[PDB]
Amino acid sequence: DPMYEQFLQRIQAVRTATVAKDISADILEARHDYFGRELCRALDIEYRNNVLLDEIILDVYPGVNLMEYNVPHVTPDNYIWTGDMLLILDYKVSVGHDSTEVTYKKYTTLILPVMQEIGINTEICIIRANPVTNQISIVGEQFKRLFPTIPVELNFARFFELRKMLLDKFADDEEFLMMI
């Protein structure tokens, strides 16, 4: 209720391409966070949204001296510390694979080396929902083993409705069309 209403109020009032581009980005981020909350609820795991990598290391290995290592200050969405293995999690909502590939490449090359020097067994997990079909795709073998079914009940229609109204309001706007 209040989330939808707040976006609606903003789409009603917006007059300029630059402000409209920020509403569009905000809707896409709210849709991403919605999926993350529903995913963690369905799997009964702790819901987080952007944890600094140093803070993840400190939680799994409290006796670490951060200064001895070169820790990239990335903020993956969430993680699962099982006591023997660390699953780095990032949520995606997208009909395509490109954003998954980008994030997979970044976290693989930036997180795995320092986790290997520290000695923490780590897997990069990316969980994507298709907002149109509600189908879930998972990169991450240990995550699939731990969670062979994902009993989520997803409904992205309201996020599409809001963004479509925004795009209809600016369908004749050259500038906004380019800020695509």
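From 1 onward, residues are counted along the sequence shown.
J.: Determine, for stretches 60-68 and 123-131, which one has the higher mean CA B-factor as deposited.
T.: Higher mean C-alpha B-factor in the PDB entry: 60-68.
J.: Please compare 28-36 with 142-150 and say which has the higher mean C-alpha temperature factor in the record.
T.: Stretch with the greater average CA B-factor: 142-150.
J.: For the chain shown, is the CA B-factor of residue 50 in the lowest, middle or highest third of its modelled residues?
T.: Bottom third by C-alpha B-factor.
J.: How does the C-alpha B factor of residue 83 compare with the rest of the chain: lowest, middle or highest third?
T.: It belongs to the highest third of the chain when residues are ordered by C-alpha B-factor.
J.: Rank-wise, by C-alpha B-factor, drop residue 105 into the lowest, middle or highest third of its chain.
T.: Residue 105: CA B-factor falls in the middle third of its chain.
J.: In terms of the CA temperature factor given in the entry, to which third of its chain does residue 13 belong: lowest, middle or highest?
T.: CA B-factor rank for residue 13: highest third.
J.: Could you tell me which third, lowest, middle or highest, the C-alpha B-factor of residue 171 occupies within its chain?
T.: Highest third, going by the recorded CA B-factors of the chain.
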